[PDB]
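Chemist: these are from a larger complex, still in place; more later:
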Amino acid sequence: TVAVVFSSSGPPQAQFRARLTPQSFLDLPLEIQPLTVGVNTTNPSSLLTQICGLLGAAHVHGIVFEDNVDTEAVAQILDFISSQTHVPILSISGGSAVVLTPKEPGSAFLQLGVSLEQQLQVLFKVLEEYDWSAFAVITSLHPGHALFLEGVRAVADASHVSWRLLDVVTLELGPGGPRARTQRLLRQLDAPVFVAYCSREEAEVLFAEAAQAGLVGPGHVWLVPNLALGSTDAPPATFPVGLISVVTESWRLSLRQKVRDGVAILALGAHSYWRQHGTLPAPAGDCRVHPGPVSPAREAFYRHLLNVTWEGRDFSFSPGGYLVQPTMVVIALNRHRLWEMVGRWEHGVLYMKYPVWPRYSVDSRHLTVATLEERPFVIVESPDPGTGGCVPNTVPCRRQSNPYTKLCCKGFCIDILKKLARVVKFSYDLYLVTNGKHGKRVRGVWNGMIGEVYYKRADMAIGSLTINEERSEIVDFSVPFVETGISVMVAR
Amino acid sequence: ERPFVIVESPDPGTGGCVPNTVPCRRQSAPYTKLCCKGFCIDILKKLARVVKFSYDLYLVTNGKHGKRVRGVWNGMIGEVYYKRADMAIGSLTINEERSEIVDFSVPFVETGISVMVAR
């Protein structure tokens, strides 16, 4: 027996029209026994009485829950009730999709969500793909703040990379009035990569304060776990374009999608243990008698609900009540103010749809740098053997065709520019040219690096480029640093 | 002592003295600041940045390096063993007689007993 319940929604006729008749998902190896209950705006007393009365009257063998505006502590009521009455319940929806690390020794909650550890793993893989290599953490002491501060270290410290972490900052804000010192504290910082952790309204006030402070430019990138930005179906205001957040497979999700998932998985789990010397289970007693002090052999049936598979998507579980080895995607906000697919982690290594970050939008950063590989000065080399992030003491460079293959460049001017950027606090990317080596004013049109700088397609030029009257007419120059000349090479 | 440490009077023209030097008091009401720079002084400076702590420098008055007379200890070792000071830096040697009453760290300047004569 399987039952469905929802706490709040829009037009409720659709759920009853698409879930009542026992023909929904009639493909699983079990004749599902469905029955419906419901409830208006949720309160602890109303929820408790309604659901355990439904259990005591209909004696169903499992329930699935659908959620609402995503309150903060409903899951506590849920697993308390589950432990008290000893029935394996399941929930897949917005606010209930939060993990609870300390479980009770007798509860069967079994949510569908991922812990912050794997989220940080995926996010750090995302960062290593782009290889920004310099991050700082800014956390507000929201609920469960210490777990994030532990997990960031536990993940970043052990990998075959450097991860030159900048610093950690802790914030507290009551946004209405007490945010005075927070302004200066947020002004003080300096880092190229930011990773945040807070709630949605707290995110809105924090980003407003950041915009007031000024550390929002495109030369900085924000990273936020799935705890915030819950309202995917609605792009909120005062949010900066081009941040990265990571969510599980939920683009196909809806009311009907969750309905089709839940009952099917529960029935298949009910039948899998029967497949080898099993019998159909029976419900628990009631919410009144407080029975069942011991854990019978039927608890293994709950243990039988660990391994599961359907529809190609792996729903492999974990001993704590969550799923392990999951399929999940990484998202971002484009210029149209709407969530768009950016990448995913399909059990292997990261994928991509935009191979370069478009930094879309005057006293800005990330200036364009165009160069050419002269023999001793700027040296271009093929990437690392298998990784992609080239050997240290090198800078990634990208030759364009306007196959943007990633090469690694190192040399004299490379280190010069690295020191210069480290001393004047600017960010850069290395771009090569295709139209000629240096370029001349043939037919009154400028090609090469000089032409690229002239046409404002590249803000700077570095490398083997001499000085003379011809080029100095239209392009500025700096103080020379290598005394060159014109000489004659001959034999001995 | 030897150029391992250098003591100088503060520059009277400019009031104090030049940077790259650490103020030091020769306490024996007797405060009259001098300023000290050298080898071990630079080690302690550079050294202070990395652990992270804050300190002062007072010179030694009674005794040079510390020897037991009638069962008492003076000098550097006395000033450290009577809990009047924490560490003794400069030109201090390691042997069996000293290391039984005071802790010692790793060595960074090797030396021994040497003989000098005319040319």
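Modeler: Great, that's in hand. Numbers count the residues shown, from 1 in each chain, chains lettered A, B, ... in the order given.
Chemist: ok, residue 44 - contacts?
Modeler: Picking chain A for this. residue A:77 (CB atoms under 8 Å, 6 or more residues apart in numbering or on different chains). Using the backbone N, CA and C atoms, a C-beta is placed for each residue, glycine as well.
Chemist: should've been chain B
Modeler: By CB under 8 Å, 6+ apart, the contact list for residue B:44 reads B:22, B:55, B:89.
Chemist: how far is the helix or strand it falls within from where the chain is centred?
Modeler: For residue B:44, the host element (DSSP states H and E) is helix B:39-51. Mean-position distance between helix B:39-51 and its chain equals 13 Å (CA atoms, centre = their mean, to the nearest Å).
Chemist: List the buried residues of that helix.
Modeler: Across helix B:39-51, burial judged by 16 or more other CB atoms under 10 Å in any protein chain shown covers B:40, B:41, B:44.
Chemist: now do stretch A:458-474
Modeler: Within stretch A:458-474, the residues scored as buried using 16+ other CB under 10 Å are A:458, A:461, A:462, A:463, A:464, A:465, A:471.
Chemist: coming back round to it: and the contacts of residue B:44, which of them are in strands?
Modeler: residue B:22 (DSSP state E).
Chemist: Can you select the buried ones from the contacts of residue B:44 in ChimeraX?
Modeler: Here is the ChimeraX selection string for the buried members of the contacts of residue B:44, based on 16+ other CB under 10 Å:
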select /B:22
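Chemist: how about the strands in the stretch 1-150 of chain A?
Modeler: Secondary structure of the stretch 1-150 of chain A (DSSP state E, counting those that start in this stretch): strands located at A:2-6, A:34-36, A:63-66, A:89-91, A:136-140.
Chemist: same question, chain B
Modeler: In chain B, the strands defined using DSSP E lie at B:7-8, B:22-25, B:33-36.
Chemist: Tell me which of these sits nearest to residue A:165.
Modeler: Of all those, strand B:22-25 sits nearest to residue A:165, with 32.9 Å by CB to CB.
Chemist: So which elements touch that closest one?
Modeler: Identification of packing neighbours for strand B:22-25 by 3 or more CB pairs under 8 Å, 6 or more residues apart in numbering or on different chains; DSSP states H and E yields strand B:33-36, helix B:39-51.
Chemist: of all the ones you listed, which lies closest to residue A:289?
Modeler: Taking CB to CB, helix B:39-51 is the member of these nearest to residue A:289, at 64.6 Å.
Chemist: How many neighbouring residues does the closest residue to residue B:94 other than its chain neighbours have?
Modeler: Nearest non-adjacent residue to residue B:94, counting by CB to CB, 6 or more residues apart in numbering or on different chains: residue B:104, 5.6 Å away. Using other CB atoms under 10 Å in any protein chain shown, residue B:104 has 10 neighbouring residues.
Chemist: now residue B:104: how far from residue A:71?
Modeler: 63 Å (CB to CB, to the nearest Å).
Chemist: ok, back up a step: pipe the helices and strands packed on strand B:22-25 into JSON lines and attach distance to residue B:68 per row.
Modeler: Formatted as JSON lines, the helices and strands packed on strand B:22-25 follow (distance: least, CB to CB, whole Å):
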{"stretch": "strand B:33-36", "distance to residue B:68": "28"}
{"stretch": "helix B:39-51", "distance to residue B:68": "25"}
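Chemist: before we move on, back to that, got the contacts of residue B:44 as TSV, with distance to residue A:191 columns?
Modeler: Formatted as TSV, the contacts of residue B:44 follow (distance: CB to CB, whole Å):
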residue	distance to residue A:191
B:22	34
B:55	32
B:89	38
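Chemist: okay, now chain C:
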Amino acid sequence: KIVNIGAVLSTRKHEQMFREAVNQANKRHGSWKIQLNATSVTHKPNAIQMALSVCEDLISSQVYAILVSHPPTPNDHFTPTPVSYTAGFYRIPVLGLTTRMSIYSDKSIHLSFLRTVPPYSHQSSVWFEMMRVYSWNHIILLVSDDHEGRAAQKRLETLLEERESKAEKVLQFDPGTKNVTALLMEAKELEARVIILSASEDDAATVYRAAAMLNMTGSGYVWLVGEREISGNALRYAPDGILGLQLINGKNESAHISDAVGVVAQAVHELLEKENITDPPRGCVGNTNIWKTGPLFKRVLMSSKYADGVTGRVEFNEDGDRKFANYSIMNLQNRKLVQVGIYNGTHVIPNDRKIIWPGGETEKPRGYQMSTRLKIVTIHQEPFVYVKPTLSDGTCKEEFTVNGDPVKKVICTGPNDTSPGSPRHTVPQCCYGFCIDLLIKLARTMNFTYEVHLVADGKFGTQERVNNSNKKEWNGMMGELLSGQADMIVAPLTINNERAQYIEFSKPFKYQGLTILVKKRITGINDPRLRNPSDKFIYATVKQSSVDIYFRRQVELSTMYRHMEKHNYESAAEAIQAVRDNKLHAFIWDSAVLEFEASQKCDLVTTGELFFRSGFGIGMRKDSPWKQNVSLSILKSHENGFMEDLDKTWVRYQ
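Modeler: Once chain C is put in with the chains from before, the structure reads:
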């Protein structure tokens, strides 16, 4: 503006006491601007109906703070769960008069909660204080698998890492189990001699009886436990001499009432004036929303500095801890308890008469049972360690030296008779050298007993992130030292930063550096032939050495590693033949042995001077008891010309 609060209780007599206490505490102020009130209910068996009763209490009055206690029922962990969960939906503050369980300390699952009695974690801190009293630094942490166990282990780990000396082989056993003898027998080998336990009462009795069967409660040793390990029926299995401690005035909680209302009084008259308080959440049905000022009230109450309750000055911590509660130390003085110490936060006062340890000795017993037969590991090195095959009579050549004095030799086991390829041949060889004489002197001075054996890897050992990615475990000899295969290391071993974390070194006894070897000439590290490697000249070193790390951590010199990693003999003095084979020209290695090679052999020349300074030294495991003495001994030898005489005898006449 009648401010109303409530408090649920257990015995219905403490309810009348609470009513009297609150109406008496109302006499603090009566200015008619603010008034107080109370409402009390009693407990019930069923959890769900009890929570529904809490909701009825919630609707019946726009409450401000609920208070909870424990009934005489023995159902401990099932007592306070429902009220916190239900009242947390509206950020209603809840005050737990008495509940010591660890889980409630987390403000992320019970986000609204405040406690007056500290959880079981904090008492661990007391142990640390006691641990500093009598200078004990090697521990055996025994703990269960429950959440309280993990909390205690974490708390002790951070408190140890404050001073950051060490922990020693923590081991956890499953809860509610029998025959725990396996773990105790496994851990009985270690040199530590003090244990710490904190688990269930029945588990305490089980471990007590198991240790009695294994004979661990005897003399010399000492192990102390937490609070509930000396209660219930655990006394029926406990031996004399085990330390114990409890809280000064717990389990009464009636006086605790006299505190709680106090602080909440000290809260209410300080909150009603902030800006816009005006309401608590009224109702218990339909009103799906939270209190607009709940966090503000909770935060203001948390930082309250109360003056004087019954149980001294009471404050709160960042999460709601007791903030300097009291503790009394009792001894199992012949199946009874005697209050021997008072812990109030900074120390424990030994104001009592006498403390009896499990051994019956009335003096302070130290741990660290000193072993007598060590497990010495060594390595083949030309001028320091000589290894030879034995004569089948039972030893090797027993004969005089140039001076006529007998050269002392030992018998060391070790290798597989062939380093590159062989299954194994663990055979005894005869074993004599400079370091062997130094070890003989050390053993004569400190009454030792040695069993020398060589390494199987044939290499010193560096950090290696193996293809199975994990923490880079130490290689070969160092892994043998750390894993417990060996106990002390005597060899020409360098002293570097990368090794100082896990090992304790003695004072260096021979200063030495790095030098080049060629067979003639050459120069130091300045020539373009080394700045830009040439196809003619080949520069190679010994693989898995400290020089590998040295060349693996230099920014500018990185490219030389690119050459060095290309071809370097993963070898030993055998690679010396490379310079004899005219294949490898330059050999960069340590100064002493390579210089002795020049004197002993011929046509081999050393060029220039050194370019690095280090030293050899005896190493041991982290904070071993011997260190000081051993170091002192070495220094004393260096005073008596012993080192100079050994230098002369072994490497002078050549």
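Chemist: once more on the neighbour count of residue B:104, with chain C this time?
Modeler: Look at residue B:104: counted by other CB under 10 Å, it has 13 neighbours.
Chemist: who are the neighbours in contact with the spatially most central residue of chain C?
Modeler: Centroid check for chain C by CA atoms, centre = their mean gives residue C:167 as the closest residue, at 2.3 Å. Counting by CB under 8 Å, 6+ apart, residue C:167 touches C:139, C:141, C:156, C:157, C:160.
Chemist: now, which of these lie within strands?
Modeler: residue C:141.
Chemist: Weed out the non-buried ones from the contacts of residue C:167.
Modeler: Buried subset of the contacts of residue C:167 (neighbour count, 16+ other CB under 10 Å): C:139, C:141, C:156, C:160.
Chemist: Pick the one among those residues closest to residue A:164.
Modeler: residue C:160 (28.6 Å).
Chemist: Contact partners for that closest one?
Modeler: C:128, C:166, C:167.
Chemist: Distance-wise, check residue C:249 relative to residue C:304.
Modeler: Distance from residue C:249 to residue C:304, by CB to CB: 21 Å.
Chemist: List the buried residues for stretch A:269-282?
Modeler: Judged by neighbour count using 16+ other CB under 10 Å, the buried positions of stretch A:269-282 are A:269, A:270, A:272, A:273, A:281.
Chemist: Pull up the gap between the closest residue to chain A within chain B and chain C, please.
Modeler: As assessed by CB to the nearest CB, chain A sits closest to residue B:52 within chain B, at 15.3 Å. Relative to chain C, residue B:52 is positioned 15 Å away (CB to the nearest CB, to the nearest Å).
Chemist: What count of nearby residues applies to that residue?
Modeler: Neighbours of residue B:52 under the rule other CB under 10 Å: 6.
Chemist: and the longest helix belonging to chain A, C-alpha only, in CSV?
Modeler: Counting residues, the longest helix found in chain A (DSSP state H) is helix A:255-272. What follows is helix A:255-272, C-alpha atoms only, in CSV (Å, rounded to 0.1, in the frame of the first residue of the first chain):
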residue,chain,number,x,y,z
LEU,A,255,4.2,17.6,-9.4
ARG,A,256,3.5,14.8,-11.8
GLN,A,257,7.2,13.9,-12.0
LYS,A,258,7.4,13.5,-8.2
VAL,A,259,4.2,11.5,-8.2
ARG,A,260,5.5,9.2,-10.9
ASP,A,261,8.8,8.7,-9.0
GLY,A,262,7.6,8.1,-5.5
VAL,A,263,5.0,5.4,-5.7
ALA,A,264,6.9,3.6,-8.3
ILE,A,265,10.1,3.4,-6.3
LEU,A,266,8.3,2.5,-3.1
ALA,A,267,6.4,-0.3,-4.8
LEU,A,268,9.5,-1.6,-6.5
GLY,A,269,11.2,-1.7,-3.2
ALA,A,270,8.3,-3.5,-1.6
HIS,A,271,8.6,-6.2,-4.3
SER,A,272,12.4,-6.5,-4.5
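Chemist: Run through the neighbouring helices and strands of it.
Modeler: When contacts are defined as 3+ CB pairs under 8 Å, 6+ apart, helix A:255-272 packs onto strand A:2-6, helix A:13-19, strand A:63-66, strand A:89-91, strand A:309-310.
Chemist: which parts of the stretch 1-150 of chain A sit against chain C?
Modeler: A:41-46, A:48-49, A:52, A:71-74, A:76-77, A:80-81, A:84-85, A:100, A:102, A:143-144, A:147 (CB under 8 Å from any CB of the partner chain).
Chemist: Just the buried ones from these, in PyMOL syntax?
Modeler: A single PyMOL command selects the buried members of these (16+ other CB under 10 Å):
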select buried, chain A and resi 42+43+44+45+46+48+49+52+71+73+74+76+77+80+81+84+85+100+144+147
